[PDB]
Amino acid sequence: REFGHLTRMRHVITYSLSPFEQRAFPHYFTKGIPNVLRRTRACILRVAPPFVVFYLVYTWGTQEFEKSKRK
Amino acid sequence: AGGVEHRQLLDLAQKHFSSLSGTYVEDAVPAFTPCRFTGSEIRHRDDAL
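Residues numbered from 1 in each chain as written, not as in the entry; some residues may be left out. Chains lettered and ligands numbered in written order. Part of a larger assembly, values for the part shown. Heavy atoms only, no water.

**Focus on the UniProt feature "transmembrane region" (unreviewed entry) in chain A**
In this structure's numbering, the residues bearing the UniProt feature "transmembrane region" (unreviewed entry) are residues 43–61 of chain A. Summarising residues 43–61 of chain A: 100% helix, 0% strand, and an end-to-end C-alpha distance of 29 Å. (UniProt positions renumbered as here; feature names shortened; annotations may be inferred. Helix = DSSP H or I, 4+ residues; strand = E, 2+ residues; numbered from the N terminus.)

Given below as structure tokens:
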């Protein structure tokens, strides 16, 4: 696995700019803030509902531990 | 260049080229916009060559 022996490709053109010709910080809060809100919305219904059920079991488990030692 | 006399070429230039327009209609200076250099690259990938 060396660089000129990897795969076969035809009819593809790429254009690039030098790092000394561009800004290292482009649009940061103009593009970046609405981008990290799209990514948060796209994954919130998959990750979060398991950790809500851990919270409800934890509260029921510490409260029914203290309503056993009381009288 | 070659077997030419300069006096002969000058009189042939006055006979055939003198009706060229010297100064022009409104004759504005031909503007020269310079051009800048940009460090960059372009890659065209074609493995069949």
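More follows now that the structure is in view.
**Some points on the interface of chain B and chain A**
Taken together, the contacts link 12 residues of chain B with 13 residues of chain A. Overall, the association of chain B and chain A removes approximately 1,100 Å² of surface from exposure, summing both partners, and the carbon and sulfur fraction of that is 45%. Summed over the shared surface of chain B and chain A, the result is 1 salt bridge. One salt bridge connects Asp 46 of chain B with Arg 10 of chain A, and the closest N-O pair in it is separated by 3.3 Å. The interface formed by chain B and chain A holds 9 residue pairs in polar contact in total. Across the side of chain B that touches chain A, the residue classes break down as 3 nonpolar, 4 polar and 5 charged. Bridging between strand β1 (residues 10–17) of chain A and strand β1 (residues 40–46) of chain B involves 7 bridges; their strand directions are antiparallel. (Contact = heavy atoms within 4.5 Å. Buried area = accessible area lost by both parts, 1.4 Å probe. Salt bridge = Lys/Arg side-chain N within 4 Å of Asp/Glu carboxyl O. Polar contact = N/O pair within 3.5 Å; in protein donor to acceptor, adjacent residues only side chain to side chain. Nonpolar A, V, L, I, M, F, W, Y, C, P; charged D, E, K, R; others polar. Pairing = 2+ DSSP bridges.)

**With respect to the packing of aromatic side chains**
All names here are of chain A. In total, this model carries 3 aromatic pairs over all chains according to the counting rule given. Seen in terms of ring centroids, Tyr 28 and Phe 29 are 5.1 Å apart; in terms of plane orientation they differ by 80°. Their pairing is edge-to-face. In this pair, the class of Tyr 28 matches that of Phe 29, namely exposed. Between the aromatic rings of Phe 54 and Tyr 58, the centroid separation amounts to 6.2 Å while the plane-to-plane angle is 40°, which identifies the pairing as tilted. With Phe 54 and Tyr 58 both in helix α1 (residues 32–69), this residue pair falls 4 residues apart, about one helical turn. The exposure class of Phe 54 is exposed, given its relative accessible area of 56%. An aromatic cluster of three or more residues is present, and its members are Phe 25, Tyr 28 and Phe 29. (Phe/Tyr/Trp six-rings, centres within 6.5 Å; stacked < 30°, edge-to-face > 60°. Buried < 20%, exposed > 50% of the residue type's maximum accessible area, 1.4 Å probe, protein only.)

**Things to note about the pattern of salt bridges**
All names here are of chain B. According to the stated counting rule, one finds 5 salt bridges over all chains in the structure shown. Between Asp 11 and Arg 7 there is a salt bridge, with its nearest N and O atoms 2.9 Å apart. With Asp 11 and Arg 7 both in helix α1 (residues 6–16), this residue pair falls 4 residues apart, about one helical turn. Judged by relative accessible area, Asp 11 falls into the partly exposed class, the value being 37%. Close ionic contact of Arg 45 with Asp 47 constitutes a salt bridge, the shortest N to O distance being 3.2 Å. With relative accessibility at 32%, the residue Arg 45 sits in the partly exposed group.

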